[PDB]
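One structure is given below, encoded as C-alpha cells.
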Amino acid sequence: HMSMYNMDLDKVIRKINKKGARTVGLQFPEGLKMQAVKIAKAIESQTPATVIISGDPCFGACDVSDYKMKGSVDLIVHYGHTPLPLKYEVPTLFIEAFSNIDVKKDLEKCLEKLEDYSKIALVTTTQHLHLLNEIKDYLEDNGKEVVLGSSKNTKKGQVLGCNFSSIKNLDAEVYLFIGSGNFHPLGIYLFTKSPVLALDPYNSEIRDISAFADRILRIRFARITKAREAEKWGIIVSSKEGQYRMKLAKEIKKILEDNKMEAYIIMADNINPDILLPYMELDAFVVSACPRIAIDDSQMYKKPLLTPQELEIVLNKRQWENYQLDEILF
Amino acid sequence: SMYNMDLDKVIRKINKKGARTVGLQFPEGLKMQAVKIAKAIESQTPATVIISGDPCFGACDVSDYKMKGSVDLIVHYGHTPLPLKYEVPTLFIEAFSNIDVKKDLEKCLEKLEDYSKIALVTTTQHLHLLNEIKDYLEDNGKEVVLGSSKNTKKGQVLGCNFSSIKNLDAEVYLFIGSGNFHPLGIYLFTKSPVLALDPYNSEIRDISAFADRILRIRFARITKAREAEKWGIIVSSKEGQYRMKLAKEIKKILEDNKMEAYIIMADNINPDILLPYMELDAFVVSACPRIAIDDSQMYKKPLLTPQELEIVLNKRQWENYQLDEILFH
Ligand SMILES: CSC[C@H]1O[C@@H](n2cnc3c(N)ncnc32)[C@H](O)[C@@H]1O
Ligand SMILES: CSC[C@H]1O[C@@H](n2cnc3c(N)ncnc32)[C@H](O)[C@@H]1O
Ligand code: SF4
Ligand code: SF4
Ligand SMILES: [Cl-]
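First to last, the sequence lines map onto chains A and B.
Number 19 in the entry's author numbering belongs to position 20 of the first sequence; there are no gaps in the numbering.
Heads up, the entry's author numbering is the position in the second sequence plus 1, with the first residue counted as 1.
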C-alpha cells in the first residue's frame with residue numbers, strides 16, 4: 000500500500016543473479032532517488048553484488064550512466080524510463096517503475112468529460128502505460144472509438160518530451176493524456192491543434208490544457224522579443240548521449256554568423272544557470288540539448304534560452320502561427 | 002589580463018596540428034576569458050571552438066571522456082598535467098599570474114628574520130615567480146630550498162600530493178598563493194612554521210590564520226560521525242579522482258564495524274545530490290581530498306576523508322591527523 004511505484008525488486012534480483020553480475024549500478028530519476036538506499040540494501044542482501052548508486056541527475060533514457068560507469072559495473076538497472084534506440088556501453092536493465100494506481104475510480108469521470116466526442120486518442124508517459132488498456136476497454140465498452148498512436152521508437156500510447164511523433168497522424172476528435180504534468184499535454188495540443196484533456200490519476204481531476212498553453216506561449220513570446228536584441232549567442236550542447244546534437248549546433252552557428260552575429264558552442268553534461276554565468280559577452284542562448292530545458296526551466300535564467308525553432312522566430316524564418324516545440328528523432 | 006593566456010602559442014599549436022574542432026577547458030577563475038579566446042582562435046585558424054561548460058577543478062578533471070569524438074584537440078588552462086592517459090590529445094597552458102612580485106620581496110624578508118633555511122612552495126599559476134623570490138632571499142643571506150617530486154615541478158605542490166615538501170627539513174615554509182588548503186597541508190605534514198603570501202593582494206598570513214578554524218571543524222565533524230550508523234561512500238567518475246578500490250575497502254571496513262555503507266558515484270559532488278539519501282548519517286569522500294576539507298560548510302551531515310574515518314573507528318589517533326592524498330592513480 001505504501002509503494003507508490005512498482006520497483007520490480009523481485010525481477011531485478013532474479014536477473015542480477017542469473018547474469019552473474021558482481022557490481023551493479025542503479026540509476027533513478029529525481030522522483031525515485033529517495034528509494035535508492037532501500038533498493039541497494041535489498042540487492043546486496045539477496046545477491047553477491049556490490050551496488051553503486053549513481054548520484055548524478057538522471058532525466059530520461061537519454062541520460063544513461065554507461066559512459067561514466069564503464070569499467071566500474073557489470074550491469075546498470077535504470078528506473079523510470081523505457082530505452083531509447085541507443086547502444087549502451089554497459090548492459091542495462093530498464094525498469095518502468097509503473098505507478099501503483101487503480102484508475103477504475105476515474106473511468107466514469109472520463110466518460111462524462113468525453114460525452115461530445117466519438118473518436119478518442121489516449122496518450123501517456125512510461126509510468127502510466129500500464130493503465131491504457133483498462134481505460135481504452137472501458138471507453139470502447141461505452142460506445143467510443145479509441146486509438147493509440149505508436150511510432151518506430153515509442154510504445155503504443157507513449158510520448159516523450161522530445162518525441163511527439165506518435166500523436167501527429169491520429170485524426171482523433173480529442174486527446175486524453177494520463178498524467179499530472181503539463182508539458183506533454185502542451186506538445187499534444189500544439190501539434191494536433193485539437194482538444195486536449197488530461198487526467199490526474201491522483202487528483203482524480205480532469206483538466207483542459209488550453210489555459211496553461213497560452214500562459215507558456217506568452218512567456219515564450221516575451222523571451223523571443225528580448226532575444227531579438229541579442230548580438231552574441233551561446234549554443235548549448237549536452238554530452239548526454241541521447242541529447243547530443245553537435246551537427247545541429249554547428250548548423251545554428253553558421254546561421255547566426257550568416258545573420259551577422261557571433262555564436263559560440265558551449266558543451267556541458269548538466270545544463271544550469273551557474274555554468275552560463277561566466278560568459279558575460281553572450282546576450283542569449285540556443286539549446287541543442289533536451290528540448291524541455293528552454294521551455295520548462297527558462298525562469299531560472301536571466302538571459303533568454305531558446306529552442307532552435309524559437310530562434311527561427313527571432314530571425315523571422317518562422318511565424319508565430321507555426322510555433323513548434325523542439326524534438327529529437329533517431 | 003590577470004593571467005598569461007599564451008594565445009599566440011595556442012594558435013600556433015592549433016594550425017600546425019591541423020585541428021578542425023578544438024575544445025577549451027578552464028577552471029572557475031579563468032572561464033570568463035573563454036569567449037575572447039574562442040573568438041581569437043576562430044579568427045586565426047580554420048577550427049571551430051567548443052567551450053567546455055562543465056565545472057573544472059584540476060588536471061584530475063579533463064573533459065577528454067565527454068569531448069571524445071567531438072574535438073581533435075583540447076586546450077586546458079591553469080593546471081599542470083597529471084600522469085593520466087588522455088584520450089583526446091591535450092595542450093596544457095599554465096596561465097601564469099600577471100603579477101610583479103617585486104613590491105612584496107622586502108615584506109617577505111622581514112617576516113623571515115628568525116630563519117636561515119627557507120622552503121618556497123607554490124602551485125602552477127605562480128611557478129614563474131619563484132626564481133625572483135628565491136634570488137632575492139639568497140641575496141639577503143638566506144638558504145632557499147625547493148622540493149620536487151616525480152610528477153610535480155621544482156617548488157610545486159597540489160591538493161592531493163604533498164610529497165615534494167615532506168623531505169626538505171627547512172626552518173620555515175613560505176607558500177605563494179591564496180587559499181588555506183595548501184599551507185594547511187604543509188603545516189600538517191611538516192609541523193614547522195608556515196607563512197603564506199597571497200601575491201594578488203600582498204597579504205602574508207601565519208599558521209593560526211589558516212589552520213585553527215579548520216582543524217576545530219574537522220574535530221567536530223569526527224565527533225558527530227562517531228554517532229553515525231549508516232554511511233555513504235562518495236566516489237567520483239572524474240579520471241584523476243577515481244578511487245573505487247578504496248571505496249570498496251571502506252565499505253567492507255564499515256560493515257566489519259557492524260554499520261551499513263553504500264557507494265554513491267557522481268561526477269560533480271555537491272549538497273543537492275546527497276539530499277535523497279535521507280537514511281544516511283555521514284559520508285566518507287573517496288574522491289578529491291579537498292572536498293571534505295574545503296566545502297564542509299555546505300553540507301549538513303558530516304563529510305569525512307578516509308583518514309578522518311580512521312579516527313572515528315579508533316584506528317588513527319587524533320594527534321596523528323593526516324590530510325588525504327592521491328599517491329597513485
Ligand atoms: C522532467 S524531464 C525534463 C527536464 O529535465 C531537465 N533536464 C533534461 N536534460 C537536462 C540537461 N542536460 N541538463 C539539465 N537539466 C536537464 C530539465 O529540467 C527538463 O525540463
Ligand atoms: C580549487 S580546486 C579544489 C576545489 O574543487 C572542488 N572540487 C574538486 N573535485 C570536485 C568534485 N568531484 N565535485 C565537486 N567539487 C569538486 C572542491 O570545491 C575543492 O575545494
Ligand atoms: S525530453 Fe529531454 S529528458 Fe526527456 S527523454 Fe527527451 S531529451 Fe531526455
Ligand atoms: S586536489 Fe582535488 S581538484 Fe586538485 S588535482 Fe587533486 S583531486 Fe583534482
Ligand atoms: Cl550530432
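Every residue gets a Cβ at the ideal spot worked out from N, C-alpha and C, and that includes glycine.
- 31(B) is the residue among 168(B), 121(B), 31(B) whose C-alpha sits nearest the C-alpha of residue 3(B).
- Relative to the non-hydrogen atoms of ligand 1, the Cβ of residue 56(A) comes within a distance shorter than 8 Å of at least one.
- Shown here, residue 279(A) sits in coil according to DSSP, grouped into three states, outside any helix or strand.
- The closest heavy atom of ligand 1 lies less than 8 Å from the beta carbon of residue 268(A).
- Chain A has a Cβ within less than 9 Å of the Cβ of residue 49(B).
- Listed by position along chain A, the residues whose Cβ is nearer than 7 Å to that of residue 280(B) are 36.
- In the pairwise beta carbon analysis, the region 95-110 of chain A is classified as not touching the region 14-29 of chain B: fewer than three pairs are separated by under 8 Å.
- Taking C-beta atoms as the reference points, residue 183(B) and residue 124(B) count as a pair closer than 9 Å.
- For residue 318(B), the secondary structure class from DSSP, reduced to helix, strand or coil, is coil.
- Around the C-beta of residue 284(B), 16 or more other C-beta atoms lie within 10 Å, and the residue is accordingly described as buried.
- Residue range 22-26 is occupied by the beta strand (DSSP E) that includes residue 26(A).
- Looking at the DSSP output, residue 176(B) sits in a beta bridge with 122(B), 197(B).
- Closest option to residue 311(B), judged by alpha-carbon separation, among 194(B), 90(B), 255(B): 255(B).
- Beta-bridge pairing by DSSP links residue 74(A) to 23(A).
- Judged by their CB atoms, residue 134(B) and residue 172(B) are not nearer to each other than the 9 Å cut-off.
- Segment contact: the region 273-284 of chain B against the region 44-52 of chain B, fewer than three CB-CB distances shorter than 8 Å; contact not assigned.
- Residue environment for residue 302(A): buried (at least 16 other C-beta atoms within 10 angstroms of its C-beta).
- In this chain, the beta strand (DSSP E) harbouring residue 204(A) covers 204-207.
- The beta-carbon of residue 40(B) is placed less than 9 Å from the nearest beta-carbon of chain A.
- For residue 249(B), a Cβ of chain A is located within less than 9 Å of the residue's own Cβ.
- Taking 9 Å as the Cβ-Cβ cut-off, the region 270-297 of chain B approaches chain A at 270, 274, 275, 276, 277, 278, 279, 280, 281, given in chain order.
- Residue side-chain check: residue 85(B) keeps its Cβ at 8 Å or more from all non-hydrogen atoms of ligand 5.
- From the listed residues 293(A), 237(A), 313(A), the smallest Cα separation to residue 260(A) is found for 313(A).
- Interface criterion met: the Cβ of residue 238(B) is under 9 Å from a Cβ in chain A.
- Sequence-ordered contacts of the region 72-99 of chain B with chain A are nonexistent [C-beta pairs closer than 8 Å].
- The secondary-structure analysis by DSSP pairs residue 233(B) across a beta bridge with 263(B), 284(B).
- Comparing alpha-carbon positions, the option among 105(B), 5(B), 290(B), 268(B) lying closest to residue 202(B) turns out to be 105(B).
- Comparing C-alpha distances from residue 101(B) to each of 116(B), 127(B), 121(B), 89(B) shows the shortest one belongs to 127(B).
- Cβ contact annotation for residue 230(A) (same chain, cutoff 8 Å, sequence separation greater than five): 260, 261, 282, in chain order.
- Closest option to residue 189(B), judged by alpha-carbon separation, among 204(B), 205(B), 213(B), 200(B): 213(B).
- For residue 134(B), the shortest C-beta to heavy atom distance toward ligand 2 is 8 Å or greater.
- Contact with chain B is absent for residue 119(A), since none of that chain's Cβ atoms lies less than 9 Å from the residue's Cβ.
- Excluding residues up to 5 positions away in sequence, 121, 123, 147, 155, 156, 177 lie with their Cβ nearer than 8 Å to the Cβ of residue 131(B) in the same chain.
- According to the DSSP assignment, residue 313(B) belongs to the alpha helix (DSSP H) that extends over 307-313.
- Between residue 79(B) and residue 159(B), the C-beta spacing is not below 9 Å.
- Judged by DSSP secondary structure, residue 93(B) falls within the beta strand (DSSP E) whose first and last residues are 91-94.
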